[PDB]
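Colleague: any chance you can model this:
(chains A, B, C, D and E, ligands or ions: 4)
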Amino acid sequence: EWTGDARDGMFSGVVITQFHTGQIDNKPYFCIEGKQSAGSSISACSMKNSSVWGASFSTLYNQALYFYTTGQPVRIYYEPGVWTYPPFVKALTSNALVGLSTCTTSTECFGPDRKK
Amino acid sequence: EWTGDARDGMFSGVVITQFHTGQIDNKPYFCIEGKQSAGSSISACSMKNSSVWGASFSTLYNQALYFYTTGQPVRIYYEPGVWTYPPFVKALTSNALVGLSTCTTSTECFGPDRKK
Amino acid sequence: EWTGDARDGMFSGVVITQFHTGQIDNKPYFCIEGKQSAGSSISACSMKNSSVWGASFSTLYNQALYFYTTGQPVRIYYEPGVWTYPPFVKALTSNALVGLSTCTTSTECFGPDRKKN
Amino acid sequence: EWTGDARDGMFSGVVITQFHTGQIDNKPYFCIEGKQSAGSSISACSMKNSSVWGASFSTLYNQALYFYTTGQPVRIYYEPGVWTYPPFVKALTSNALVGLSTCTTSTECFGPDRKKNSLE
Amino acid sequence: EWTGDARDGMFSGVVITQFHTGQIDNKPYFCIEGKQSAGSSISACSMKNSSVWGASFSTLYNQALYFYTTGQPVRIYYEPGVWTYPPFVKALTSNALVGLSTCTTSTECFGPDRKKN
Ligand SMILES: [C]C(=O)[N][C]1[C](O[C][C][C][N-]=[N+]=[N-])O[C]([C][O])[C]([O])[C]1O[C]1O[C]([C][O])[C]([O])[C](O[C@@]2(C([O])=O)[C][C]([O])[C]([N]C(=O)[C][O])[C]([C]([O])[C]([O])[C][O])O2)[C]1[O]
Ligand SMILES: [C]C(=O)[N][C]1[C](O[C][C][C][N-]=[N+]=[N-])O[C]([C][O])[C]([O])[C]1O[C]1O[C]([C][O])[C]([O])[C](O[C@]2(C([O])=O)[C][C]([O])[C]([N]C(=O)[C][O])[C]([C]([O])[C]([O])[C][O])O2)[C]1[O]
Ligand SMILES: [C]C(=O)[N][C]1[C](O[C][C][C][N-]=[N+]=[N-])O[C]([C][O])[C]([O])[C]1O[C]1O[C]([C][O])[C]([O])[C](O[C@]2(C([O])=O)[C][C]([O])[C]([N]C(=O)[C][O])[C]([C]([O])[C]([O])[C][O])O2)[C]1[O]
Ligand SMILES: [C]C(=O)[N][C]1[C](O[C][C][C][N-]=[N+]=[N-])O[C]([C][O])[C]([O])[C]1O[C]1O[C]([C][O])[C]([O])[C](O[C@]2(C([O])=O)[C][C]([O])[C]([N]C(=O)[C][O])[C]([C]([O])[C]([O])[C][O])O2)[C]1[O]
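Modeller: Numbers count the residues shown, from 1 in each chain, chains lettered A, B, ... in the order given. Ligands and ions are numbered 1, 2, ... in the order given. Below is the structure:
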């Protein structure tokens, strides 16, 4: 697997506006929410020692909280359909957070594309 | 188990006003106290390596200290009756700290409801 | 053992003014000095992987450096006679740092008391 | 191996301007981009438990994010040809980040040179 | 072994002005450079998992970067002759960083002396 795999998906020029941390199945997790200037919203969660993307938890939490603090427009890389516990998906999202990037414009950000 | 389980409980729109850290039974712990603008108060502790909520100790420590620093209104997810050692409950609380969220309003905060 | 055991002791409303880190017997340690006002000094050190209170080293380091930075009056929970290497005690203290609390006044602080009955 | 080995290479007086984090093959990684005074770019990636430079991931991540925050002109030490997965190299770089230093000038920086020797 | 051992040595009232991090022999390390009021210079490196002082790497990195950020005058505790790889020593120093202290004056700092007899 790779953050820059030709898959869904990414949202660019996102300001991280909301932050939530919790626990499920003996694993700490965090979720972020971001809004583009056009009003489009994206939610993505990361879990410690989880499925495929668990190894990134520590780095993503640090980066996400950093980006929440500065308020800078960033790129959210996500993989849909990862989290499957229905009440979790309902209240939050099925999206796993798979990467983060700084942006130069609302569409142009550092690093790989993640798109079909 | 999950932060968003249909149980007690959560306080929304809380400013974290007090912070305590210590050790019991070879386990580090921290407790927070927070006030809602109505002056209503909530206490919760997180303890490393404890039974159910111990896994999220360091994540919650980092996040609670972050929120204490910013002074922003947040949501405290707790579970009552977790700590049972009487002098500990008397001095602090039985409530385990179970999650944290940023809030858009005094009652509306990011993530799941923890509601019985 | 517990931070809030009815034992010696605690110093409430302390501004942490001094900070030191070193190593002894393959173990990193930090130590703090602060004044009440009042005016009296308290010193306490925490040591990684130390016998009784080693579990709290990482948390207390983080919290102590935070409180040193803000300058806010805080409570120092300590256990006397923990550190025993005589030059260490002479230059620093025998006091182990066993907990920290935020304070509302110079004596009223969040969390348990640590005092003898 | 050593950061100060007589090899390619180093860029001095670099301001870290871009930051990216991700995962590949079950390993977290971060990448940085920086600009020198004239606008010339250098990219370098650090990857946890990777090749020979994997041990430095945590320190480099902390230090690079620190310098990104301050906007200090810094020395980027790098080793080309380390990352070999083609889409990764194409999107980012083959350069591994192998060191960081503060700088007193745009060209004078603390610590060793990472430089090929010249021929007499 | 201890930071406050009667050995070489210490520089008091230094401002940490330069910071370097890298890797040698699969070990992450960092080095600092500090200047005293008079202009006198001191360099010291801390290396993860290396020699007797390796256990302090994380604490010392955290504390040195903190002190570099504040720019406050501090005490560098060091041990000369620890690093032996000639190109490393030439480009940086043989001195291992063994401890750090806040200072009240240019000579008076918190904690032990590290002085020869
Ligand atoms: C510029 C750019 O950006 N590009 C493009 C263009 O091209 C041109 C050429 C030049 N180049 N330079 N660089 O074109 C245009 C038309 O006019 C367009 O197409 C563009 O693109 C863009 O767009 C935008 C708006 O529409 C958007 O879409 C973008 O994308 C994204 C981002 O943001 O980035 C991508 C993707 O991934 C996403 N997602 C999906 O698809 C699913 O997941 C999208 C969306 O959806 C989101 O964001 C929400 O809104 O988008 C682009 O880039
Ligand atoms: C969120 C909100 O706002 N909700 C509600 C409403 O609904 C609407 C819908 C939603 N969505 N939107 N979009 O409605 C209204 C009228 O009807 C109201 O009711 C609201 O509610 C509220 O209220 C209040 C009072 O009355 C309160 O309750 C709140 O919250 C809480 C918080 O804080 O969060 C919830 C609960 O959970 C809690 N807790 C408990 O129960 C314990 O465990 C509460 C209280 O009690 C506390 O806080 C104390 O103070 O609250 C709500 O929400
Ligand atoms: C010192 C100096 O500066 N060096 C040199 C000189 O020398 C002088 C004498 C000795 N003594 N003192 N100390 O010389 C000159 C002529 O003759 C020259 O060569 C110099 O060099 C320089 O140059 C420049 C040009 O622009 C540059 O190159 C510099 O730097 C660098 C940095 O940045 O650091 C170095 C190197 O390493 C690099 N890299 C490479 O090569 C590969 O990697 C370079 C470049 O390329 C970059 O940066 C881009 O821009 O550069 C030098 O130093
Ligand atoms: C207190 C003090 O400071 N000391 C002294 C004095 O006092 C005496 C009395 C008793 N004590 N009190 N308690 O006196 C004076 C006049 O005589 C003097 O001597 C002093 O001393 C000082 O001096 C200075 C100049 O010379 C210096 O030396 C100082 O310090 C040091 C530091 O910095 O810390 C010390 C030592 O350790 C060092 N090092 C060595 O030796 C080797 O490592 C020194 C030097 O060398 C350096 O720094 C260079 O710069 O110094 C003293 O303290």
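Colleague: residues in contact with the closest residue to residue A:21 other than its chain neighbours?
Modeller: Nearest non-adjacent residue to residue A:21, counting by CB to CB, 6 or more residues apart in numbering or on different chains: residue A:30, 4.5 Å away. Using the backbone N, CA and C atoms, a C-beta is placed for each residue, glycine as well. Each residue near residue A:30 by CB atoms under 8 Å, 6 or more residues apart in numbering or on different chains is listed here: A:19-22, A:45-46, A:57, A:60-61, A:64, B:59.
Colleague: for the closest residue to ligand 4 within chain A, give its distance to chain D.
Modeller: Taking CB to the nearest ligand atom, ligand 4 has its nearest neighbour within chain A at residue A:62, 36.9 Å off. Using CB to the nearest CB, to the nearest Å, we find residue A:62 at a distance of 8 Å from chain D.
Colleague: what's the burial count for that residue?
Modeller: Residues near residue A:62, counting by other CB atoms under 10 Å in any protein chain shown, number 17.
Colleague: helix, strand or coil for it?
Modeller: Here residue A:62 takes the helix state, with states given by DSSP: H, G, I helix; E, B strand; the rest coil.
Colleague: ok, now which ones touch it?
Modeller: Per CB under 8 Å, 6+ apart, neighbours of residue A:62: D:61, D:65.
Colleague: ok, now how distant is it from residue B:66?
Modeller: To residue B:66, residue A:62 is 11 Å away according to CB to CB, to the nearest Å.
Colleague: can you name the residue of chain A nearest ligand 3?
Modeller: residue A:110 (19.7 Å).
Colleague: so what's the closest residue to that residue other than its chain neighbours bridging to?
Modeller: In this structure, residue A:110 finds its nearest non-sequential neighbour in residue D:18, 3.8 Å apart by CB to CB, 6+ apart. Counting by DSSP bridges, residue D:18 is bridged to residue D:33.
Colleague: before we move on, what about the one 4 residues further on?
Modeller: Partner residues in beta bridges with residue D:22: residue D:29, with DSSP bridges as the criterion.
Colleague: let's check: the centremost residue of chain A is which one?
Modeller: With distances taken as CA atoms, centre = their mean, residue A:97 lies nearest the centre of chain A, 3.2 Å away.
Colleague: wait, it sits on residue A:80?
Modeller: No. Using CB atoms under 8 Å, residue A:97 is not in contact with residue A:80, being 11.4 Å away.
Colleague: now for residue A:54, how many residues are close by?
Modeller: Residues lying near residue A:54 (other CB under 10 Å) number 18.
Colleague: identify the residues contacting the residue of chain A closest to ligand 3.
Modeller: Residue A:110 neighbours (CB under 8 Å, 6+ apart): A:75, A:101-104, D:18-20, D:31, D:33.
Colleague: please produce CSV containing those residues, extended by distance to ligand 1.
Modeller: Formatted as CSV, these follow (distance: CB to the nearest ligand atom, whole Å):
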residue, distance to ligand 1
A:75, 7
A:101, 10
A:102, 14
A:103, 9
A:104, 10
D:18, 15
D:19, 17
D:20, 14
D:31, 18
D:33, 16
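Colleague: for ligand 2, state which of these is nearest.
Modeller: Lowest distance from ligand 2 to the contacts of residue A:110 (CB to the nearest ligand atom) belongs to residue A:75, with 28.5 Å.
Colleague: which residue of chain A lies farthest from its centroid?
Modeller: Outermost in chain A, CA atoms, centre = their mean: residue A:26 at 20.9 Å.
Colleague: and stretch A:104-115, how far from the chain's centre?
Modeller: Distance, stretch centre to chain centre, for stretch A:104-115: 14 Å (CA atoms, centre = their mean, to the nearest Å).
Colleague: which positions in that stretch come out as buried?
Modeller: A:109-112, A:114 (16 or more other CB atoms under 10 Å in any protein chain shown).
Colleague: what's the most distant pair in these?
Modeller: A:110 and A:114 (12.9 Å; CB to CB).
Colleague: ok, residue A:73 touching residue A:17?
Modeller: No. The criterion here is CB under 8 Å, and residue A:73 misses it with residue A:17 at 11.3 Å.
Colleague: of those two, which one has the most company?
Modeller: residue A:73 (20 against 15).
Colleague: enumerate every residue touching that one.
Modeller: For residue A:73, the contact set (CB under 8 Å, 6+ apart) comprises A:13-15, A:37, A:103, A:106.
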